[PDB]
Structure formats: C-alpha cells, structure tokens
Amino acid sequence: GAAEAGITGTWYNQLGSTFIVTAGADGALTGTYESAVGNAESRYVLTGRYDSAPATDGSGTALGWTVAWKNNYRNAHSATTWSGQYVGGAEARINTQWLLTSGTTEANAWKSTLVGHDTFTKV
C-alpha cells in the first residue's frame, strides 16, 4: 500500500544519521540504523511498527521503532525508541520524538533517559 511504499527507503536525519527501513504489508518495520553521534559504530538492527491503514483524511501515518545499541563492534548498553509520523508528498518526511534509555543502577535511574527529536528526509 501507499504507506508501505512511502516509508520504505533510506532516510537521513538532521545529525547525518542513516535510517534504512522496509515496511511490511501489515505493520512491520525492519532495517538498520547508523548514528552520526554518540557511542556507536557501524549499523544496528532496528524493528518497529506502523499503521498499515492510515486515515486518508490528511493525517500522517503513525509509526515507531527501536534500536538497542549493541552490534558486533560496540555495546553502549542503551536503547532508543523513536515515535512519530510519516508525511508523504514530493519532500517526504518522518517527524519523530525519541527516548534513549541507558542501563543504570537504581540510584542513577533518575538520569537514565534522554529525550530529543529527529526529523528524517529521503535526501
């Protein structure tokens, strides 16, 4: 469907990170994420979900995905989730907010979670 075809592709955010994703027929997202910043090297697996029958009333398409920051090169003992929506057209965009949680002790849990926002384009 249109949402599947719109989301599937290679995206970059304002940091220069690379988000490569395939949207499955009934709501799955799979792919890889490479961060331009932080305790990260090479590509990391991601999985997520999207609304595979979005409203055709002008609304965006809701989606989210997770990366755990462990691969064959490094392990930052952390995970980021991005929550957002896809907007199509000639200059398609995925607008997100994200939560990055690091494994911490309980005493340090108050400072376990960063929040931010990333906007992705196919350029």
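Only the largest set of C-alpha atoms that superpose within 1.5 Å between the two forms is called the rigid core. Residue numbers here begin at 1 and follow the sequence given.
Put simply, when the other structures in 5 other deposited structures of this protein are lined up on the rigid core, the C-alpha atoms of 31-39 lie farther off than those of the other stretch, from 31-39 and 78-86. Between 63-71 and 46-54, greater CA displacement relative to the shown form is found for 46-54 when the structures in 5 other deposited structures of this protein are fitted on the core.
For the two regions 82-90 and 63-71, the entry's Cα B-factors average higher over 82-90.
Note on 96-104 vs 20-28: mean CA B-factor is higher in 20-28. Placement of the Cα temperature factor of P54 within the chain: highest third of the modelled residues, per the deposited record.
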